[PDB]
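Each residue of the sequence shown is one higher than the one before, starting from 1 at the first, in PDB author numbering. Have a look at the structure below before the remarks.
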Amino acid sequence: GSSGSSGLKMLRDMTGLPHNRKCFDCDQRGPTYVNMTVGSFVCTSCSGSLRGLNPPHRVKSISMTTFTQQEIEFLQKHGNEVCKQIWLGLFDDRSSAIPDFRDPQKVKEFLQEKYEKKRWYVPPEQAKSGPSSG
Ligand SMILES: [Zn+2]
């Protein structure tokens, strides 16, 4: 048959996507972490920041830490592809702008308004139409 790495094979494919090439916050080209809560791909820098928030999200390195199928699939079915958009529902290049990716205070104060405040928080359950329009 074939052997090399279990699960990891599916991971390298996730962080490989063109919508993951960069971080979720600092948009740094080269993510080394993944949020189990949001289901996105962050880096060591952000990974640590997110925790500071409350409640503290869940982050796990990509190479420093391993993952299981139940997890991989969860991250694959999510990915920054839709995740981001779902968090940027209201966000509009015109409505607002993007901070800098050098200072933590800036990335933090912003990340909060996305999670702590959930300003541009627009889930799909409602975004799309269905048999139940609350
Ligand atoms: Zn980052």
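Even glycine gets a Cβ: it sits at the ideal position worked out from N, Cα and C.
When the Cα atoms are used, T32 and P18 turn out to be separated by approximately 15 Å. Annotation: the continuous alpha helix (DSSP H) that includes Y115 extends over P104 to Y115. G7 is not a Cβ neighbour of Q76, given a cutoff of 8 Å. Counting along the chain, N80 sits inside the alpha helix (DSSP H) bounded by residues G79 to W87. Ligand 1 has a heavy atom closer than 7 Å to the beta-carbon of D25. Between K60 and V34, the alpha-carbon positions lie close to 6 Å from each other. Contact check for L111 and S49: beta-carbon distance about 7 Å, within the 8 Å limit, so the pair qualifies.
Taking the C-beta atoms as reference points, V42 is found no nearer than 8 Å to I86. Scanning the region 3 to 75 for uninterrupted beta strand (DSSP E) segments of 3 residues or longer gives 33 to 35 and 59 to 61, listed from N- to C-terminal end. Distance between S132 and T37, taken at the CA atoms: about 26 Å. Contact between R119 and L90 is confirmed by a C-beta separation of about 7 Å, below the 8 Å threshold.
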